[PDB]
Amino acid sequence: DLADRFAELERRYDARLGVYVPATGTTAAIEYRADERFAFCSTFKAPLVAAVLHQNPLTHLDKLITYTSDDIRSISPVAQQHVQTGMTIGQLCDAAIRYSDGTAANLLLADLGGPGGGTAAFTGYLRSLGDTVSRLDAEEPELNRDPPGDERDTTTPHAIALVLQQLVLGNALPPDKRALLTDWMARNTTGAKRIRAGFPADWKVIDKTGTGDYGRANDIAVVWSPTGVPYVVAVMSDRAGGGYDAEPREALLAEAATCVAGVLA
């Protein structure tokens, strides 16, 4: 029956909607176009941070990187200011999760090393988790620019909810490292109007946003009930009908999350 509202919301905002919530002991998985392929956009920058953290000791974060003003290419609120200081690996992690800083992301790919500036190694890293579906291919900004139909730079609600589960609630990082990821996602600034705006205020919310062309709007989050029961919620959207220059409708994500809340209480 919840399938009738997702499709109802799909009809209202002229969109395609993806939705996965892993299952608990006490609630069944929520599925809508779950195993269907959506574009990452800026959602990759979350698992990327666990990638550095994991193949790197806690002393790495105080390593400094310098960069030319010809590396700065995507939206980069934090990067274009520090072009003369540099940014330590750690600051680049804060940047890339809290502000979606596009350059910071590209340098953290470079820091994984190997072919196609560290995309090979970063899909690499997704496979250690179980994800044999998702795959990053380009750097910022082409991964947002891909045409709808393309299998490149894509994941699924099913695939990415499961990755997140393992990184925040799971044990795919040791507790010391697991705390940085979660704190950075907990003071994200880009999420105000998506999953956060659909759940009541006494639920706590950590999230990493993504936006693209062809109407792409994306949120992956971990949420906590007033009693402290966690869950994982993945919402993904696009609007190819509207053109390459389609507008992304944020309301659609916040509506869908209110639907999910109804079910989780």
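When you see a residue number, it is the position in the sequence shown, counting from 1. Rigid core here is just the name for the largest C-alpha set that superposes within 1.5 Å across the two forms.
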Superpose on the core, then say which of 33-41 and 59-67 ends up with the larger RMS Cα offset from this form in 5 other deposited structures of this protein. 59-67
Compare 100-108 with 83-91 and report which one shows the larger root mean square C-alpha deviation from this form in 5 other deposited structures of this protein once the rigid core is superposed. 83-91
Hey, which bit's got the bigger mean C-alpha B factor in the entry, 239-247 or 12-20? 239-247
Avg C-alpha B-factor, entry values, 156-164 vs 102-110, higher side is 102-110
At the C-alpha atoms, which of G191, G130, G149, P77 reaches the highest B-factor in this entry? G149
Just the C-alpha B-factor column, please: which of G228, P47, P57, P200 has the biggest number? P57
Where does the C-alpha B-factor of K208 rank in its chain, lowest, middle or highest third? lowest
According to the PDB entry, is the CA B factor of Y214 in the bottom, middle or top third of its chain, that is, lowest, middle or highest? middle
Taking only the Cα B-factors deposited for this chain, tell me whether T123 sits in the lowest, middle or highest third. lowest
According to the PDB entry, is the CA B factor of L264 in the bottom, middle or top third of its chain, that is, lowest, middle or highest? middle
Modelled-residue ranking by C-alpha temperature factor, third containing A234: lowest
